[PDB]
Structure formats: structure tokens, C-alpha cells
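K.L.:
This is the structure, below, for whatever I ask next.
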Amino acid sequence: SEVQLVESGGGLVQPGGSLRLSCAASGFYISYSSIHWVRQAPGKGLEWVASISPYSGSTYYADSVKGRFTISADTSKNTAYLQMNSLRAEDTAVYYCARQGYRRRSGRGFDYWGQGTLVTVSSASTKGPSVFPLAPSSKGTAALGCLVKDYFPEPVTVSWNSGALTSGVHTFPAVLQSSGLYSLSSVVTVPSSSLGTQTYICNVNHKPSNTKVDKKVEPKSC
Amino acid sequence: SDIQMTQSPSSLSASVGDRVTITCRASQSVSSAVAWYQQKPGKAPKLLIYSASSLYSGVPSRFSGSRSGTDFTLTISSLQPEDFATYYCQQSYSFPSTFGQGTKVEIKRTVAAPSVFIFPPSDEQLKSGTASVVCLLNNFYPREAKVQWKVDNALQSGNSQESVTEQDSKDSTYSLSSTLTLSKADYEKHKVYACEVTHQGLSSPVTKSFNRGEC
RNA sequence: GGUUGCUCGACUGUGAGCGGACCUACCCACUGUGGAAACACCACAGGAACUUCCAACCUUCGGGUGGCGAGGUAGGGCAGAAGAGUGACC
């Protein structure tokens with residue numbers, strides 16, 4: 001089918017500031033369905049936020065956002081919005097858009113979800129990652145990777161060889177440096193023989209800072 | 001007042017092909033307005049049951065809801081390894097809506113010892129005055145592991161950070177990446193850097209190590 | 001003058017277990033289902049039960065038919081009638 005939901009407007013925002021998440025619908029018209037925002041703080045659970053009911057425009061809010069958020073829909077644009085004002089640290093979350101299914105088909109379930117936009121409420125300023133290479137050992141398989149260090153905010157993305165090398169890759173979840181920044185490292189294992197002849201480049205993208213790094217990972221120089 | 005959805009257990013380890021039961025207990029009557037969702041890491045939730053018993057379109061028959069008054073149970077007759085996810089019960093009987101706090105499910109496999117590596121800090125990094133030592137523990141299970149950094153046979157404390165991958169649903173295993181970090185100065189005071197792994201699959205604590213400057 | 005029939009009729013009534021079902025229009029409501037539909041909007045079905053009733057219709061006068069939101073407004077139906085005529089009778 002074509003039923004799709006695409007959020008945007010999420011990002012890094014200073015405490016107290018404003019943002020206006022959007023949600024494009026694709027394979028259906030939103031005038032006939034209920035539309036809901038659900039959010040998820042990192043590693044926490046789902047949390048319902050707001051919704052607007054078809055045919056009436058009636059709006060309902062989670063109590064934790066009541067009077068700071070406002071949900072609304074533009075029929076012409078087949079789009080649903082969420083103005084968030086007076087944001088605080090704890091609004092930090094992926095904000096998902098959801099279609100409430102057609103009653104005859106899926107009750108009051110939410111049968112299609114967006115990929116979620118990430119909203120990151122802090123005041124500390126953005127910074128891109130220095131990407132350093134994890135050279136494999138000089139000694140039938142050994143492992144090589146990239147160390148993506150001291151960036152902010154989430155997320156980065158690591159691919160290898162422009163996404164051609166997908167097998168065997170582990171890109172570990174960022175952990176929070178006491179420095180306040182994010183570090184993580186990606187690795188991949190390869191059979192030893194390819195070392196001399198196989199170029200190994202990881203591609204590190206950090207959209208918040210507009211930083212793309214490509215780092216070639218070659219063996220021990222000596 | 002708000003309807004509370006109080007879902008247990010918080011977490012569930014189970015063998016492939018076991019039966020698993022998750023239960024959610026609505027603090028008020030929510031009729032049959034309860035839906036069950038599967039969410040895998042990094043993905044949006046997917047609908048499974050919606051009228052507390054109605055299997056959504058395309059969800060496999062091994063899932064089923066069942067209501068008993070204010071008690072809702074999602075039931076997997078026999079786990080598949082893909083069924084690794086966090087499951088949330090939702091009530092849409094009243095406004096505001098409400099979700100369960102979620103239940104995390106783990107695959108269970110035979111033991112796999114970790115493949116172990118140790119990485120000494122790049123040259124570009126040591127010019128910038130920082131020095132990270134990385135130790136990898138690849139493709140193992142169960143996630144229970146102990147890593148210990150010894151520098152010059154001195155156990156370190158508080159300067160290492162680790163992170164773990166989720167369960168590779170095909171593999172059913174874990175990877176870990178412990179990272180000792182030191183200023184360039186502290187790194188240049190020692191020769192031997194070593195990573196001491198203790199795992200159930202290893203009959204003896206594996207140490208990978210390197211000396212500073214060996215080419 | 002009485003007795004009453006006859007016709008106009010101010011007005012009031014439409015009475016709830018030991019006993020209230022007249023009609024129509026609008027409004028205001030309640031419950032369910034359905035409308036791509038948790039509230040709002042619309043459509044449609046329906047006002048606990050046993051009773052009681054025929055203001056309504058049909059009747060072989062045996063009986064049958066159809067009918068309930070004790071809501072608001074209002075135009076009428078049906079019941080008395082204060083009063084006005086007006087006859088027969090004493």
C-alpha cells in the first residue's frame with residue numbers, strides 16, 4: 001500500500017523554547033481518521049501526548065502537556081501539527097505520529113506510525129564528532145572499526161564503504177561522556193586476507209552539526 | 001481521574017518456543033478498548049491486538065489477546081527469535097490515553113563465548129591529546145560479562161565505559177565495547193594495557209593486551 | 001319562573017395502581033446502532049415491566065387495527081361548561 005506518516009520539525013531546542021512538529025500523511029487522507037502524537041523519552045516507554053478527532057476537530061491532551069502543546073490538522077495539506085511551547089528538559093523524546101485505524105478494521109488501535117522525530121531539549125550547544133580509526137591487529141578473522149567521539153546531540157549514523165559493507169557490523173549505542181557529549185564506536189569483522197587489498201572506509205554523518213566525515217580504516221602502518 | 005495501565009513483568013527471558021504471558025491491569029473498567037503493540041529497538045511500534053482479542057491484519061496467529069474484566073493478557077504460544085521486542089498495552093477507552101510501562105523480551109540460546117579484541121588509540125587522537133583504549137567482546141551470550149582493565153597489572157576503576165548491542169535477533173547474541181579513557185599524559189606513563197574478560201562461555205578469563213609503541 | 005331539549009359560548013380540563021395513553025409542527029432533550037465517526041454533526045431504531053386507555057380507525061357488534069420522550073412552545077381533537085340564544089312542556 002501507500003499508507004505513510006513522515007514527521008519533522010524535531011531537533012535541539014533551548015529550555016523554554018518552541019517547536020512545531022509536523023506529520024505528512026501519504027497513502028490515505030487524514031480527514032477520515034483520528035490522528036495522535038505519542039512520545040518516548042530515550043530508553044523510556046511510550047507516552048500519549050494529544051490527538052484530534054475527525055469531523056469535529058476536538059482536541060485531547062495528556063495532562064503533562066496541557067496548555068503548553070496544541071494539536072491541529074490542516075486538511076488541505078493532509079498534515080497534522082503539534083506546536084510545543086515552553087519546553088522543558090523532560091519533553092526530550094522521539095515524537096511519533098499515529099493514525100487511529102478505521103473502526104470496522106482495527107478498533108481503536110493505532111495501525112500506522114511514523115518513524116518519529118527526535119526533540120532534544122537542552123541548552124548545551126551542538127558539536128560534531130571527531131572520528132578516529134580502530135586499526136585491526138597485525139595478526140582467521142580480525143576486527144576493525146571507527147571510534148566516533150565527543151559529539152552532540154544525538155544521532156550520528158555510521159555506514160561502511162558507503163553502505164556496501166553491511167554484514168558483521170556492530171554500531172554500539174552512544175554512551176554519555178561525563179563531558180556531556182556523546183561517544184560511540186562502530187566495528188566490523190572481516191577475514192584477515194582482505195586487509196592489504198580491501199579499502200575500509202566508515203562514513204560518519206552527524207546531521208545536527210552538518211558534519212559528514214569519511215574515515216578510511218587501514219591496518220597498522222608498520 | 002486517569003486510568004492506570006499497570007503491566008507486568010517489566011522484563012522476560014524465555015527460550016525459543018516457550019509460552020509467554022504479559023498481563024496489563026487497568027485501574028478502571030476500560031471495556032475491551034485495549035490494544036497490544038510490538039516495538040523493536042529503533043522502530044516504531046506495530047499493532048497486534050486491538051479489541052483486546054482481535055488479531056490485527058497480518059499479525060501471526062501465535063499472538064492473541066484475552067480479556068478478563070480489568071485484566072488483559074497478550075499470549076505467544078511459542079516464541080520465534082524475531083519476537084524480540086518491547087510490548088506495550090494501551091487503553092483507548094477514556095481520554096487521556098494510557099500505555100503500559102512495557103515488557104522487554106529476550107531470546108535464549110546456547111552459550112557463546114565472546115570473541116575478544118583490544119584496540120590501542122589511533123595516532124590522530126594521541127596528537128589531539130586524548131587517548132582511548134577500546135576492548136571489544138563480540139557475538140556472545142548470555143549478556144552476563146565482566147570486563148576489567150589492568151594497566152601495568154593495575155586494575156582500573158571508574159574511567160571505563162561500556163555499551164552493549166541489542167540481541168541480534170538472527171544471532172540471539174550480544175556485543176560489548178568497553179572503553180578506558182586517559183589523558184595523553186596518563187597514557188604515556190605505562191607500557192602494558194590489558195582487557196580482562198570473564199564470561200560463562202570462557203573457562204578462564206581471557207586477556208587481550210598490547211604494549212605501548214609495538215608496531 | 002320551572003322543566004328541559006336545541007344552537008352560539010367566557011373559560012377550564014385533558015386527571016397515573018384504589019388508575020392518565022387525542023393530533024400536528026417546531027424546539028429542546030434521552031438510548032442504542034450506523035455513517036471512513038470515542039466528543040461534536042447526521043441518519044435510523046427505540047423510551048423497564050405488568051398494567052390501564054381508545055381521545056383514533058374498522059366491525060358480521062363477537063372483536064380487530066394502530067398507537068407512549070409524563071420535555072418546551074403552539075395550532076387544533078375530545079370533555080365539561082360560567083353566559084347568550086331558543087324551542088317543546090308545566
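Each chain in the C-alpha cells gets a letter, A, B, ..., in the order shown, and its residues are numbered from 1; ligands are numbered from 1 in order too.
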Residues within 12 Å of range 49-56 of chain B, please, as JSON, numbers by chain. Count only C-alpha atoms (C1' of nucleotides); anything in the same chain fewer than 3 positions from it doesn't count.

P.N.:
{"A": [100, 101, 102, 103, 104, 105, 106, 107, 108, 109, 110, 111, 112], "B": [23, 24, 30, 31, 32, 33, 34, 35, 36, 37, 38, 46, 59, 60, 61, 62, 63, 64, 65, 66, 67, 68, 69, 70, 71, 72, 73, 74, 75, 87, 88, 89, 90, 91, 92, 93]}

K.L.:
Export, as a PDB file, in the first residue's frame, the selected residues with C-alpha atoms.

P.N.:
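Writing the result to part_0.pdb gives the following:
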ATOM      1  CA  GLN A 100      -6.053   5.575  14.535  1.00  0.00           C
ATOM      2  CA  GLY A 101      -7.336   2.801  12.310  1.00  0.00           C
ATOM      3  CA  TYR A 102     -10.695   2.552  10.617  1.00  0.00           C
ATOM      4  CA  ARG A 103     -13.068   1.211  13.289  1.00  0.00           C
ATOM      5  CA  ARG A 104     -14.532  -1.563  11.112  1.00  0.00           C
ATOM      6  CA  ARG A 105     -10.958  -2.830  10.530  1.00  0.00           C
ATOM      7  CA  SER A 106      -8.825  -2.233  13.648  1.00  0.00           C
ATOM      8  CA  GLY A 107     -10.976  -0.995  16.550  1.00  0.00           C
ATOM      9  CA  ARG A 108      -9.315   1.962  18.293  1.00  0.00           C
ATOM     10  CA  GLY A 109      -5.830   0.651  17.567  1.00  0.00           C
ATOM     11  CA  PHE A 110      -3.123   2.807  16.018  1.00  0.00           C
ATOM     12  CA  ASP A 111      -2.465   0.936  12.755  1.00  0.00           C
ATOM     13  CA  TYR A 112       0.242   3.147  11.131  1.00  0.00           C
TER      14      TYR A 112
ATOM     15  CA  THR B  23      -0.654  -9.002  31.618  1.00  0.00           C
ATOM     16  CA  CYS B  24      -1.974  -5.484  31.995  1.00  0.00           C
ATOM     17  CA  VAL B  30     -11.793   0.089  30.076  1.00  0.00           C
ATOM     18  CA  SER B  31     -14.336  -2.196  28.394  1.00  0.00           C
ATOM     19  CA  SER B  32     -12.442  -4.027  25.626  1.00  0.00           C
ATOM     20  CA  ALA B  33     -10.658  -0.874  24.453  1.00  0.00           C
ATOM     21  CA  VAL B  34      -7.154  -2.350  24.852  1.00  0.00           C
ATOM     22  CA  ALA B  35      -4.540  -2.705  22.089  1.00  0.00           C
ATOM     23  CA  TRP B  36      -1.217  -4.554  22.150  1.00  0.00           C
ATOM     24  CA  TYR B  37       1.915  -3.294  20.410  1.00  0.00           C
ATOM     25  CA  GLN B  38       5.250  -4.810  19.436  1.00  0.00           C
ATOM     26  CA  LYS B  46       3.389  -2.113  15.343  1.00  0.00           C
ATOM     27  CA  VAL B  59      -0.072 -10.302  12.756  1.00  0.00           C
ATOM     28  CA  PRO B  60       0.867 -14.029  13.006  1.00  0.00           C
ATOM     29  CA  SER B  61      -1.593 -16.432  14.626  1.00  0.00           C
ATOM     30  CA  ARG B  62       0.813 -17.113  17.533  1.00  0.00           C
ATOM     31  CA  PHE B  63      -0.359 -13.793  19.071  1.00  0.00           C
ATOM     32  CA  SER B  64      -3.718 -13.330  20.777  1.00  0.00           C
ATOM     33  CA  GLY B  65      -5.325 -11.015  23.279  1.00  0.00           C
ATOM     34  CA  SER B  66      -7.706 -12.084  26.032  1.00  0.00           C
ATOM     35  CA  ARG B  67      -9.697 -10.004  28.458  1.00  0.00           C
ATOM     36  CA  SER B  68     -10.817 -10.961  31.967  1.00  0.00           C
ATOM     37  CA  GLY B  69     -12.629  -7.981  33.473  1.00  0.00           C
ATOM     38  CA  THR B  70      -9.934  -5.371  34.072  1.00  0.00           C
ATOM     39  CA  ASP B  71      -7.133  -7.857  33.197  1.00  0.00           C
ATOM     40  CA  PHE B  72      -5.674  -8.070  29.670  1.00  0.00           C
ATOM     41  CA  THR B  73      -3.173 -10.727  28.535  1.00  0.00           C
ATOM     42  CA  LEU B  74      -1.094 -10.957  25.355  1.00  0.00           C
ATOM     43  CA  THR B  75      -0.131 -14.583  24.688  1.00  0.00           C
ATOM     44  CA  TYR B  87       5.478  -4.908  24.258  1.00  0.00           C
ATOM     45  CA  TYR B  88       3.104  -2.139  25.351  1.00  0.00           C
ATOM     46  CA  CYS B  89      -0.558  -2.413  26.353  1.00  0.00           C
ATOM     47  CA  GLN B  90      -2.655   0.697  25.619  1.00  0.00           C
ATOM     48  CA  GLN B  91      -6.147   1.751  26.797  1.00  0.00           C
ATOM     49  CA  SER B  92      -8.156   3.960  24.435  1.00  0.00           C
ATOM     50  CA  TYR B  93     -11.407   3.741  26.404  1.00  0.00           C
TER      51      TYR B  93
END

K.L.:
Give me, as an MDAnalysis selection string, the contact residues of chain C against chain A at a cut-off of 10 Å, counting only C-alpha atoms (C1' of nucleotides).

P.N.:
chainID C and resid 36:41

K.L.:
Residues of the last selection are to be written out with N, CA and C atoms (P, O5', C5', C4', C3', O3' and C1' of nucleotides), as a PDB file, in the first residue's frame.

P.N.:
ATOM      1  P     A C  36     -18.639   6.745   5.865  1.00  0.00           P
ATOM      2  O5'   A C  36     -17.704   6.305   7.080  1.00  0.00           O
ATOM      3  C5'   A C  36     -17.209   4.972   7.204  1.00  0.00           C
ATOM      4  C4'   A C  36     -15.811   4.931   7.784  1.00  0.00           C
ATOM      5  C3'   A C  36     -15.442   6.076   8.736  1.00  0.00           C
ATOM      6  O3'   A C  36     -14.313   5.638   9.501  1.00  0.00           O
ATOM      7  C1'   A C  36     -14.008   6.124   6.957  1.00  0.00           C
ATOM      8  P     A C  37     -14.335   5.321  11.077  1.00  0.00           P
ATOM      9  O5'   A C  37     -14.922   6.631  11.755  1.00  0.00           O
ATOM     10  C5'   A C  37     -14.093   7.500  12.509  1.00  0.00           C
ATOM     11  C4'   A C  37     -14.871   8.283  13.542  1.00  0.00           C
ATOM     12  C3'   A C  37     -15.753   7.482  14.481  1.00  0.00           C
ATOM     13  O3'   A C  37     -15.849   8.220  15.706  1.00  0.00           O
ATOM     14  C1'   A C  37     -17.118   8.898  13.169  1.00  0.00           C
ATOM     15  P     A C  38     -14.538   8.738  16.496  1.00  0.00           P
ATOM     16  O5'   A C  38     -14.904   8.435  18.008  1.00  0.00           O
ATOM     17  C5'   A C  38     -16.006   7.583  18.294  1.00  0.00           C
ATOM     18  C4'   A C  38     -16.275   7.452  19.768  1.00  0.00           C
ATOM     19  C3'   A C  38     -16.430   8.764  20.526  1.00  0.00           C
ATOM     20  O3'   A C  38     -17.366   8.590  21.595  1.00  0.00           O
ATOM     21  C1'   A C  38     -14.530   7.562  21.332  1.00  0.00           C
ATOM     22  P     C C  39     -18.903   9.088  21.493  1.00  0.00           P
ATOM     23  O5'   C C  39     -18.810  10.663  21.729  1.00  0.00           O
ATOM     24  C5'   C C  39     -18.721  11.172  23.052  1.00  0.00           C
ATOM     25  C4'   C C  39     -18.346  12.632  23.085  1.00  0.00           C
ATOM     26  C3'   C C  39     -19.177  13.562  22.228  1.00  0.00           C
ATOM     27  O3'   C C  39     -20.439  13.872  22.775  1.00  0.00           O
ATOM     28  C1'   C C  39     -16.922  14.080  21.918  1.00  0.00           C
ATOM     29  P     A C  40     -21.645  14.219  21.776  1.00  0.00           P
ATOM     30  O5'   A C  40     -21.033  15.322  20.790  1.00  0.00           O
ATOM     31  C5'   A C  40     -20.942  16.676  21.202  1.00  0.00           C
ATOM     32  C4'   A C  40     -20.614  17.580  20.053  1.00  0.00           C
ATOM     33  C3'   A C  40     -21.565  17.519  18.864  1.00  0.00           C
ATOM     34  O3'   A C  40     -22.766  18.254  19.054  1.00  0.00           O
ATOM     35  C1'   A C  40     -19.377  17.319  18.077  1.00  0.00           C
ATOM     36  P     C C  41     -24.184  17.686  18.540  1.00  0.00           P
ATOM     37  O5'   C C  41     -24.016  17.516  16.959  1.00  0.00           O
ATOM     38  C5'   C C  41     -23.929  18.662  16.124  1.00  0.00           C
ATOM     39  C4'   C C  41     -23.754  18.305  14.670  1.00  0.00           C
ATOM     40  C3'   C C  41     -24.816  17.421  14.036  1.00  0.00           C
ATOM     41  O3'   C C  41     -26.020  18.104  13.737  1.00  0.00           O
ATOM     42  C1'   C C  41     -22.686  16.674  13.370  1.00  0.00           C
TER      43        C C  41
END

K.L.:
Quick check: residues of chain B within 7 Å of chain A, only C-alpha atoms, returned as number ranges by chain.

P.N.:
B: 33, 35, 43-44, 47, 50-51, 56, 92, 95-99, 101-102, 119, 122, 124-125, 163-165, 215

K.L.:
Selection from above, N, CA and C atoms, as a PDB file, in the first residue's frame, can you write it?

P.N.:
ATOM      1  N   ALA B  33     -11.427  -1.857  25.206  1.00  0.00           N
ATOM      2  CA  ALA B  33     -10.658  -0.874  24.453  1.00  0.00           C
ATOM      3  C   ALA B  33      -9.153  -0.963  24.732  1.00  0.00           C
ATOM      4  N   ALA B  35      -5.319  -2.286  23.249  1.00  0.00           N
ATOM      5  CA  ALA B  35      -4.540  -2.705  22.089  1.00  0.00           C
ATOM      6  C   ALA B  35      -3.136  -3.087  22.524  1.00  0.00           C
ATOM      7  N   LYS B  43      12.626   1.093  16.011  1.00  0.00           N
ATOM      8  CA  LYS B  43      11.477   1.086  15.118  1.00  0.00           C
ATOM      9  C   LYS B  43      10.251   1.647  15.815  1.00  0.00           C
ATOM     10  N   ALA B  44       9.285   2.060  15.008  1.00  0.00           N
ATOM     11  CA  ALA B  44       8.007   2.468  15.530  1.00  0.00           C
ATOM     12  C   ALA B  44       7.229   1.246  15.981  1.00  0.00           C
ATOM     13  N   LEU B  47       0.994  -2.573  15.532  1.00  0.00           N
ATOM     14  CA  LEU B  47      -0.222  -3.059  16.193  1.00  0.00           C
ATOM     15  C   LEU B  47      -0.351  -4.580  16.098  1.00  0.00           C
ATOM     16  N   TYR B  50      -6.402  -5.519  18.966  1.00  0.00           N
ATOM     17  CA  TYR B  50      -6.923  -4.172  19.158  1.00  0.00           C
ATOM     18  C   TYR B  50      -8.160  -4.152  20.037  1.00  0.00           C
ATOM     19  N   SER B  51      -9.061  -5.103  19.885  1.00  0.00           N
ATOM     20  CA  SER B  51     -10.252  -5.115  20.721  1.00  0.00           C
ATOM     21  C   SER B  51     -10.100  -6.025  21.921  1.00  0.00           C
ATOM     22  N   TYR B  56      -4.919  -8.141  14.669  1.00  0.00           N
ATOM     23  CA  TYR B  56      -4.883  -7.164  13.592  1.00  0.00           C
ATOM     24  C   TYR B  56      -4.530  -7.849  12.268  1.00  0.00           C
ATOM     25  N   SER B  92      -7.519   2.872  25.162  1.00  0.00           N
ATOM     26  CA  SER B  92      -8.156   3.960  24.435  1.00  0.00           C
ATOM     27  C   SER B  92      -9.666   3.942  24.715  1.00  0.00           C
ATOM     28  N   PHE B  95     -10.153   9.418  27.703  1.00  0.00           N
ATOM     29  CA  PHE B  95      -9.109  10.391  27.392  1.00  0.00           C
ATOM     30  C   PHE B  95      -8.650  11.011  28.699  1.00  0.00           C
ATOM     31  N   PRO B  96      -7.353  11.118  28.975  1.00  0.00           N
ATOM     32  CA  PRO B  96      -6.201  10.837  28.134  1.00  0.00           C
ATOM     33  C   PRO B  96      -5.983   9.359  27.889  1.00  0.00           C
ATOM     34  N   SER B  97      -5.360   9.009  26.759  1.00  0.00           N
ATOM     35  CA  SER B  97      -4.999   7.620  26.559  1.00  0.00           C
ATOM     36  C   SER B  97      -3.915   7.204  27.561  1.00  0.00           C
ATOM     37  N   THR B  98      -3.600   5.904  27.591  1.00  0.00           N
ATOM     38  CA  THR B  98      -2.611   5.401  28.543  1.00  0.00           C
ATOM     39  C   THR B  98      -1.915   4.144  28.029  1.00  0.00           C
ATOM     40  N   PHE B  99      -0.579   4.109  28.145  1.00  0.00           N
ATOM     41  CA  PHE B  99       0.185   2.922  27.786  1.00  0.00           C
ATOM     42  C   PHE B  99       0.729   2.159  29.004  1.00  0.00           C
ATOM     43  N   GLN B 101       3.796   0.249  30.972  1.00  0.00           N
ATOM     44  CA  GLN B 101       5.166   0.716  31.095  1.00  0.00           C
ATOM     45  C   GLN B 101       6.110  -0.125  30.250  1.00  0.00           C
ATOM     46  N   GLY B 102       5.624  -1.245  29.730  1.00  0.00           N
ATOM     47  CA  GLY B 102       6.318  -2.052  28.751  1.00  0.00           C
ATOM     48  C   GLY B 102       6.974  -3.281  29.365  1.00  0.00           C
ATOM     49  N   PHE B 119      42.001  -2.588  21.091  1.00  0.00           N
ATOM     50  CA  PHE B 119      42.417  -1.544  20.169  1.00  0.00           C
ATOM     51  C   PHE B 119      43.228  -0.486  20.907  1.00  0.00           C
ATOM     52  N   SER B 122      44.349   5.546  18.255  1.00  0.00           N
ATOM     53  CA  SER B 122      44.850   5.967  16.957  1.00  0.00           C
ATOM     54  C   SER B 122      45.924   7.033  17.116  1.00  0.00           C
ATOM     55  N   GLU B 124      45.955   9.913  15.246  1.00  0.00           N
ATOM     56  CA  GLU B 124      45.308  11.223  15.171  1.00  0.00           C
ATOM     57  C   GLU B 124      44.814  11.670  16.542  1.00  0.00           C
ATOM     58  N   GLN B 125      44.326  10.718  17.338  1.00  0.00           N
ATOM     59  CA  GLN B 125      43.804  11.010  18.669  1.00  0.00           C
ATOM     60  C   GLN B 125      44.928  11.437  19.621  1.00  0.00           C
ATOM     61  N   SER B 163      29.179  -0.232  26.455  1.00  0.00           N
ATOM     62  CA  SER B 163      27.813  -0.271  25.967  1.00  0.00           C
ATOM     63  C   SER B 163      27.602  -1.614  25.300  1.00  0.00           C
ATOM     64  N   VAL B 164      26.342  -2.018  25.204  1.00  0.00           N
ATOM     65  CA  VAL B 164      26.014  -3.340  24.708  1.00  0.00           C
ATOM     66  C   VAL B 164      25.055  -3.171  23.539  1.00  0.00           C
ATOM     67  N   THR B 165      25.222  -4.009  22.536  1.00  0.00           N
ATOM     68  CA  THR B 165      24.243  -4.087  21.481  1.00  0.00           C
ATOM     69  C   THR B 165      22.987  -4.784  21.986  1.00  0.00           C
ATOM     70  N   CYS B 215      54.903  -1.975  17.035  1.00  0.00           N
ATOM     71  CA  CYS B 215      54.376  -1.611  15.733  1.00  0.00           C
ATOM     72  C   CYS B 215      53.409  -2.643  15.147  1.00  0.00           C
TER      73      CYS B 215
END

K.L.:
Which one is closest to chain C: B:187, B:206, B:193, B:94? Count only C-alpha atoms (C1' of nucleotides).

P.N.:
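So, comparing all the options, the nearest one is B:94.
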
K.L.:
Taking the backbone alone, and naming residues the way the document does, which bits of range 58-119 of chain B are strand (DSSP E) by DSSP, as a list in words?

P.N.:
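Restricting range 58-119 of chain B to strand (DSSP E) produces residues 65, 66, 67, 71, 72, 73, 74, 75, 76, 86, 87, 88, 89, 90, 91, 98, 99, 103, 104, 105, 106, 115, 116, 117, 118 and 119 of chain B.
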
K.L.:
For the residues selected in the previous step, produce a file with N, CA and C atoms as a short mmCIF file (atom, residue, chain, number, x, y, z; two decimals), in the first residue's frame.

P.N.:
data_model
loop_
_atom_site.label_atom_id
_atom_site.label_comp_id
_atom_site.auth_asym_id
_atom_site.auth_seq_id
_atom_site.Cartn_x
_atom_site.Cartn_y
_atom_site.Cartn_z
N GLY B 65 -4.92 -11.67 22.06
CA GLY B 65 -5.32 -11.02 23.28
C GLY B 65 -6.41 -11.80 23.99
N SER B 66 -6.65 -11.44 25.25
CA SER B 66 -7.71 -12.08 26.03
C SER B 66 -8.03 -11.20 27.22
N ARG B 67 -9.29 -10.87 27.37
CA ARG B 67 -9.70 -10.00 28.46
C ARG B 67 -10.36 -10.81 29.56
N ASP B 71 -8.41 -7.14 33.31
CA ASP B 71 -7.13 -7.86 33.20
C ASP B 71 -6.97 -8.36 31.77
N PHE B 72 -5.92 -7.87 31.10
CA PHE B 72 -5.67 -8.07 29.67
C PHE B 72 -4.35 -8.80 29.49
N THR B 73 -4.35 -9.88 28.69
CA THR B 73 -3.17 -10.73 28.54
C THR B 73 -2.86 -10.97 27.07
N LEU B 74 -1.62 -10.67 26.68
CA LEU B 74 -1.09 -10.96 25.36
C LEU B 74 -0.32 -12.28 25.44
N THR B 75 -0.58 -13.20 24.51
CA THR B 75 -0.13 -14.58 24.69
C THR B 75 0.56 -15.07 23.43
N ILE B 76 1.85 -15.38 23.53
CA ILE B 76 2.62 -16.01 22.46
C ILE B 76 2.68 -17.51 22.77
N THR B 86 9.90 -4.88 22.79
CA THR B 86 9.25 -4.36 24.00
C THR B 86 7.76 -4.19 23.71
N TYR B 87 6.92 -4.85 24.50
CA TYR B 87 5.48 -4.91 24.26
C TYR B 87 4.73 -3.97 25.20
N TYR B 88 3.87 -3.14 24.62
CA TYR B 88 3.10 -2.14 25.35
C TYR B 88 1.61 -2.39 25.20
N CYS B 89 0.90 -2.46 26.33
CA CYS B 89 -0.56 -2.41 26.35
C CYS B 89 -0.98 -0.95 26.41
N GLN B 90 -2.05 -0.63 25.67
CA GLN B 90 -2.65 0.70 25.62
C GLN B 90 -4.15 0.59 25.89
N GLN B 91 -4.70 1.56 26.66
CA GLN B 91 -6.15 1.75 26.80
C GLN B 91 -6.55 3.02 26.06
N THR B 98 -3.60 5.90 27.59
CA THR B 98 -2.61 5.40 28.54
C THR B 98 -1.92 4.14 28.03
N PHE B 99 -0.58 4.11 28.14
CA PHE B 99 0.19 2.92 27.79
C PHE B 99 0.73 2.16 29.00
N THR B 103 7.10 -4.33 28.55
CA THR B 103 7.75 -5.56 28.93
C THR B 103 8.79 -5.93 27.88
N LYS B 104 10.03 -6.16 28.32
CA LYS B 104 11.14 -6.50 27.43
C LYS B 104 11.33 -8.00 27.39
N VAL B 105 11.41 -8.55 26.18
CA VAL B 105 11.53 -9.97 25.94
C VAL B 105 12.92 -10.25 25.40
N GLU B 106 13.57 -11.29 25.90
CA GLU B 106 14.86 -11.72 25.38
C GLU B 106 14.79 -13.13 24.82
N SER B 115 34.25 -13.47 21.31
CA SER B 115 35.48 -13.14 20.61
C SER B 115 35.99 -11.80 21.15
N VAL B 116 37.27 -11.73 21.51
CA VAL B 116 37.81 -10.57 22.21
C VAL B 116 38.91 -9.91 21.40
N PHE B 117 38.87 -8.59 21.34
CA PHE B 117 39.89 -7.78 20.71
C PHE B 117 40.25 -6.63 21.64
N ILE B 118 41.39 -6.00 21.36
CA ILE B 118 41.82 -4.80 22.07
C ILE B 118 42.43 -3.85 21.05
N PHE B 119 42.00 -2.59 21.09
CA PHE B 119 42.42 -1.54 20.17
C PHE B 119 43.23 -0.49 20.91
#

K.L.:
When you draw a straight line from CA of residue 7 in chain A to CA of residue 24 in chain A, how long is it in Å?

P.N.:
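CA of residue 7 in chain A sits 6.5 Å away from CA of residue 24 in chain A.
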
K.L.:
Could you check which of A:64, A:83, A:203, A:26 is closest to residue 10 in chain A, using only C-alpha atoms?

P.N.:
A:83

K.L.:
CA of residue 6 in chain A and CA of residue 27 in chain A are how many Å apart?

P.N.:
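Value for the CA of residue 6 in chain A-CA of residue 27 in chain A distance: 11.3 Å.
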